[PDB]
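All remarks here apply to the structure that follows.
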Amino acid sequence: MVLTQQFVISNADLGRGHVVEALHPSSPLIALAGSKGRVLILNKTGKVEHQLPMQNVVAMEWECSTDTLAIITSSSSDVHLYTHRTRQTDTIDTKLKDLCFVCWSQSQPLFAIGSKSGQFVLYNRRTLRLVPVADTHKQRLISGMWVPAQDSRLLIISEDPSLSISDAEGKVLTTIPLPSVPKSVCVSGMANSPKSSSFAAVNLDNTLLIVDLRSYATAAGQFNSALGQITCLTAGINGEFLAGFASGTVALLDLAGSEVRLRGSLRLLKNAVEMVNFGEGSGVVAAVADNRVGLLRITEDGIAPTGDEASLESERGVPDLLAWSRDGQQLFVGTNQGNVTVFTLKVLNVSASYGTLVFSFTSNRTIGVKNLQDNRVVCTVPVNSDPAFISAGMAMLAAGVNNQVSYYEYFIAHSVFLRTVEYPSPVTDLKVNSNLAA
């Protein structure tokens with residue numbers, strides 16, 4: 001790849017302390033917070049429009065629907081809705097101080113307010129209705145994220161092991177005891193499922209549990225003792241789950257009913273992968289361990305070595321937080337001491353078309369051929385560089401930079417490199433069919 005250094009932002013401009021992330025799915029704006037009582041606001045041009053006095057940052061999140069920003073204080077039960085666009089202030093009283101977390105949902109204006117004492121209330125603003133349901137939580141809430149699907153049901157983990165499922169009115173149907181305390185869980189719903197199939201994943205440390213929310217059927221699955229515990233678990237796109245392991249072998253699982261199958265195990269890395277992060281915008285699983293970052297590519301045959309590793313300087317520190325935005329245009333490295341590193345991933349906005357096929361860059365070096373009828377990628381082609389332009393055709397795809405062009409025969413699902421030519425002048429316009437090229 002090609003690497004450039006733009007700027008170095010010192011922690012002295014931010015201050016020591018933890019930084020709460022807020023991953024905007026679409027807008028490439030990242031919030032930089034400080035522990036010294038000031039927040040640094042920077043746009044793409046590097047201009048600070050305003051400085052705002054606000055201390056005791058707890059948890060921030062975006063809102064894709066209304067673009068409304070909140071402000072929470074650690075000493076007051078009031079929450080202040082601050083909008084930079086409209087400059088209007090509204091105070092909502094939670095009647096309890098030391099709030100745990102406040103989250104916003106991009107689906108509807110339905111935001112959940114929790115408390116460390118376990119008391120939660122529903123504030124229907126449109127109907128001005130208060131729905132209090134007590135004894136639902138007993139201790140401090142930790143974390144919780146809304147599901148980007150039709151099912152707008154939020155699960156929050158706590159230190160006491162218990163499972164509670166309720167409807168929108170908060171009626172407690174039953175309480176399920178757990179063998180061990182859960183650590184982390186991400187739930188993905190299926191909006192386009194015609195029969196609305198839903199399953200729940202429970203991390204019981206030594207055992208992964210699958211719960212059917214429809215039939216209430218549980219199946220016991222035992223893994224080998226040499227496989228080790230599940231270090232981390234995350235959910236991908238369309239039922240894909242990535243589970244970490246202590247043996248250094250990374251594998252992809254598929255829900256085959258009540259039984260699981262092993263396609264193959266290989267010790268790609270001797271050390272165990274600390275964190276496994278799935279990107280919805282590029283399909284790239286990056287392994288960050290100590291001062292090393294490794295990338296992964298999806299192919300039909302299997303797992304092959306990348307052959308490239310990046311050496312990270314230990315003066316800044318060990319990256320202990322990896323995150324990927326939904327659009328997949330920027331690369332992030334976050335630490336709990338305030339050091340945030342941002343890198344630019346310049347995707348090429350050059351596409352081609354041919355009948356029912358759209359040629360678009362699905363990765364940095366891979367062009368996917370989406371089918372308009374099927375609404376899905378049906379083939380891919382690896383390109384050895386980043387072309388200035390691409391030209392479609394039938395059983396042909398050309399990728400050009402400056403005054404040279406490389407060809408790729410393809411069929412629909414294998415793509416074959418053909419040749420590369422260079423021309424005495426820059427290639428202004430290029431068209432191609434299966435046999436000739438203009």
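Quick note on naming: the chains in the structure tokens go A, B, ... in the order shown, residues restart at 1 in each chain, and ligands are numbered from 1 in order of appearance.
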Q | Selection: 8 Å around residue 254 of chain A, only C-alpha atoms, excl. self and same-chain fewer than 2 positions, as a PyMOL selection string | A | chain A and resi 239-241+252+256+260-261
Sorted per-residue table, segment 179-253 of chain A near segment 285-299 of chain A, closest atoms and distance, 12 Å, only C-alpha atoms, as a Markdown table:
| residue | atom | partner | partner_atom | distance |
| --- | --- | --- | --- | --- |
| A:234 | CA | A:285 | CA | 11.0 |
| A:235 | CA | A:285 | CA | 11.8 |
| A:236 | CA | A:285 | CA | 10.1 |
| A:241 | CA | A:285 | CA | 11.7 |
| A:242 | CA | A:285 | CA | 9.2 |
| A:243 | CA | A:285 | CA | 11.8 |
| A:244 | CA | A:287 | CA | 10.6 |
| A:248 | CA | A:287 | CA | 11.3 |
| A:250 | CA | A:287 | CA | 10.3 |
| A:251 | CA | A:285 | CA | 11.6 |
| A:252 | CA | A:285 | CA | 11.3 |
Need to verify the contact set: segment 157-159 of chain A, 12 Å, only C-alpha atoms, exclusion of same-chain residues closer than 5 positions in sequence. Can you return it as an mmCIF file with N, CA and C atoms, in the first residue's frame?
data_model
loop_
_atom_site.group_PDB
_atom_site.id
_atom_site.type_symbol
_atom_site.label_atom_id
_atom_site.label_comp_id
_atom_site.auth_asym_id
_atom_site.auth_seq_id
_atom_site.Cartn_x
_atom_site.Cartn_y
_atom_site.Cartn_z
ATOM 1 N N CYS A 100 -25.728 6.098 34.125
ATOM 2 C CA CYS A 100 -24.791 5.128 33.568
ATOM 3 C C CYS A 100 -24.517 5.401 32.093
ATOM 4 N N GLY A 114 -31.229 4.904 31.325
ATOM 5 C CA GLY A 114 -30.976 4.005 32.424
ATOM 6 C C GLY A 114 -30.454 4.732 33.654
ATOM 7 N N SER A 115 -30.178 3.937 34.685
ATOM 8 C CA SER A 115 -29.628 4.457 35.927
ATOM 9 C C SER A 115 -28.824 3.358 36.603
ATOM 10 N N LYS A 116 -27.885 3.773 37.454
ATOM 11 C CA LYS A 116 -27.060 2.815 38.179
ATOM 12 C C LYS A 116 -27.807 2.140 39.322
ATOM 13 N N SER A 117 -28.921 2.715 39.772
ATOM 14 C CA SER A 117 -29.752 2.104 40.799
ATOM 15 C C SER A 117 -30.753 1.106 40.227
ATOM 16 N N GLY A 118 -30.794 0.943 38.906
ATOM 17 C CA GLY A 118 -31.643 -0.038 38.271
ATOM 18 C C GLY A 118 -33.032 0.431 37.899
ATOM 19 N N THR A 136 -36.856 -4.151 37.302
ATOM 20 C CA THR A 136 -36.358 -4.792 36.092
ATOM 21 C C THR A 136 -34.839 -4.921 36.123
ATOM 22 N N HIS A 137 -34.154 -3.920 36.669
ATOM 23 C CA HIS A 137 -32.713 -3.957 36.870
ATOM 24 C C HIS A 137 -32.413 -3.750 38.348
ATOM 25 N N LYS A 138 -31.416 -4.477 38.857
ATOM 26 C CA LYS A 138 -31.041 -4.380 40.261
ATOM 27 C C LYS A 138 -29.730 -3.649 40.505
ATOM 28 N N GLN A 139 -28.836 -3.592 39.518
ATOM 29 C CA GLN A 139 -27.535 -2.960 39.708
ATOM 30 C C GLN A 139 -27.215 -1.980 38.586
ATOM 31 N N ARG A 140 -25.967 -1.521 38.544
ATOM 32 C CA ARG A 140 -25.546 -0.533 37.560
ATOM 33 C C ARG A 140 -25.532 -1.128 36.155
ATOM 34 N N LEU A 141 -26.152 -0.425 35.210
ATOM 35 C CA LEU A 141 -26.066 -0.813 33.810
ATOM 36 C C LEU A 141 -24.692 -0.464 33.251
ATOM 37 N N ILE A 142 -24.218 -1.287 32.318
ATOM 38 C CA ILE A 142 -22.863 -1.173 31.783
ATOM 39 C C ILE A 142 -22.869 -0.651 30.347
ATOM 40 N N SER A 143 -23.462 -1.403 29.422
ATOM 41 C CA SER A 143 -23.434 -1.017 28.019
ATOM 42 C C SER A 143 -24.640 -1.603 27.300
ATOM 43 N N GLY A 144 -24.970 -0.996 26.162
ATOM 44 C CA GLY A 144 -26.080 -1.446 25.343
ATOM 45 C C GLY A 144 -26.209 -0.654 24.059
ATOM 46 N N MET A 145 -26.416 -1.345 22.939
ATOM 47 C CA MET A 145 -26.528 -0.715 21.630
ATOM 48 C C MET A 145 -27.772 -1.219 20.913
ATOM 49 N N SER A 164 -33.927 -11.502 30.982
ATOM 50 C CA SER A 164 -35.285 -10.980 31.031
ATOM 51 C C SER A 164 -35.701 -10.531 29.639
ATOM 52 N N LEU A 178 -28.801 -17.783 34.927
ATOM 53 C CA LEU A 178 -27.677 -18.086 34.063
ATOM 54 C C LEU A 178 -26.568 -18.781 34.843
ATOM 55 N N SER A 180 -23.382 -18.396 34.433
ATOM 56 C CA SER A 180 -22.290 -17.463 34.669
ATOM 57 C C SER A 180 -22.683 -16.083 34.161
ATOM 58 N N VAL A 181 -21.950 -15.082 34.629
ATOM 59 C CA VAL A 181 -22.243 -13.684 34.285
ATOM 60 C C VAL A 181 -21.836 -13.422 32.838
ATOM 61 N N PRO A 182 -22.701 -12.830 32.018
ATOM 62 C CA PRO A 182 -22.297 -12.468 30.655
ATOM 63 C C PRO A 182 -21.308 -11.311 30.646
ATOM 64 N N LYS A 183 -20.516 -11.258 29.575
ATOM 65 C CA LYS A 183 -19.477 -10.248 29.402
ATOM 66 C C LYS A 183 -19.785 -9.261 28.286
ATOM 67 N N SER A 184 -20.158 -9.749 27.103
ATOM 68 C CA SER A 184 -20.509 -8.881 25.986
ATOM 69 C C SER A 184 -21.393 -9.655 25.018
ATOM 70 N N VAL A 185 -22.267 -8.925 24.321
ATOM 71 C CA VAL A 185 -23.207 -9.531 23.382
ATOM 72 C C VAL A 185 -23.687 -8.494 22.372
ATOM 73 N N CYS A 186 -23.690 -8.861 21.090
ATOM 74 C CA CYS A 186 -24.266 -8.044 20.030
ATOM 75 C C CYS A 186 -25.343 -8.848 19.313
ATOM 76 N N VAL A 202 -25.646 -16.426 23.833
ATOM 77 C CA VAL A 202 -25.270 -16.190 25.221
ATOM 78 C C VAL A 202 -23.853 -16.707 25.429
ATOM 79 N N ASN A 203 -22.998 -15.863 26.001
ATOM 80 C CA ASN A 203 -21.608 -16.209 26.287
ATOM 81 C C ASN A 203 -21.514 -16.621 27.751
#
(Q) Using only C-alpha atoms for the distances, tell me which of A:155, A:399, A:40, A:284 is nearest to residue 422 of chain A. (A)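 Of A:155, A:399, A:40, A:284, the one nearest residue 422 of chain A, counting only C-alpha atoms, is A:399.
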Q | Top pick for closest residue to residue 347 of chain A, considering A:386, A:378, A:359, A:315 and counting only C-alpha atoms | A | A:386
Q.
Among segment 123-299 of chain A, which residues does DSSP mark as strand (DSSP E) when it is run on the backbone? Keep the chain and numbering as in the structure and answer as an MDAnalysis selection string.
A. chainID A and resid 123:124 129:133 162:166 172:177 199:203 208:212 218:219 233:235 241:243 251:253 275:277 286:289 292:294
Residue selection dump (C-alpha atoms) as a compact mmCIF listing (two decimals), in the first residue's frame:
# COMPACT_ATOMS: atom_id res chain seq x y z
CA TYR A 123 -41.23 8.81 28.63
CA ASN A 124 -43.60 8.80 25.64
CA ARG A 129 -47.14 9.39 29.02
CA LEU A 130 -45.00 7.99 31.83
CA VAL A 131 -44.59 4.21 32.03
CA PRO A 132 -42.60 3.19 35.12
CA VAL A 133 -41.54 -0.46 35.42
CA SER A 162 -30.22 -13.07 34.68
CA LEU A 163 -32.11 -13.06 31.38
CA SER A 164 -35.28 -10.98 31.03
CA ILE A 165 -37.42 -10.65 27.89
CA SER A 166 -40.33 -8.20 27.79
CA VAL A 172 -41.82 -9.15 32.84
CA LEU A 173 -42.85 -12.54 31.45
CA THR A 174 -40.17 -14.70 33.08
CA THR A 175 -36.65 -14.60 34.50
CA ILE A 176 -34.05 -17.10 33.29
CA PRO A 177 -31.11 -17.83 35.63
CA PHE A 199 -31.86 -16.42 17.58
CA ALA A 200 -29.98 -15.23 20.67
CA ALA A 201 -26.35 -15.88 21.58
CA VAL A 202 -25.27 -16.19 25.22
CA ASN A 203 -21.61 -16.21 26.29
CA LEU A 208 -21.74 -20.86 23.91
CA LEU A 209 -25.54 -20.98 24.20
CA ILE A 210 -28.07 -20.57 21.38
CA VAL A 211 -31.60 -19.61 22.46
CA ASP A 212 -34.60 -19.80 20.13
CA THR A 218 -31.95 -24.98 23.75
CA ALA A 219 -29.17 -27.17 22.37
CA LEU A 233 -17.37 -12.65 20.03
CA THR A 234 -18.84 -10.38 17.37
CA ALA A 235 -21.60 -10.50 14.76
CA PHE A 241 -20.30 -14.58 13.73
CA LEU A 242 -16.59 -14.23 14.49
CA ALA A 243 -15.47 -15.91 17.72
CA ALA A 251 -12.31 -19.79 12.36
CA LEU A 252 -15.68 -18.79 10.92
CA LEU A 253 -18.76 -20.64 12.19
CA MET A 275 -9.66 -8.39 19.42
CA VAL A 276 -11.62 -9.46 16.33
CA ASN A 277 -13.55 -6.68 14.59
CA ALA A 286 -8.20 -6.74 11.21
CA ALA A 287 -6.18 -8.31 14.03
CA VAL A 288 -4.53 -5.78 16.35
CA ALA A 289 -2.11 -7.33 18.84
CA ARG A 292 1.09 -5.28 15.11
CA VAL A 293 -1.88 -4.90 12.75
CA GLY A 294 -2.84 -7.61 10.25
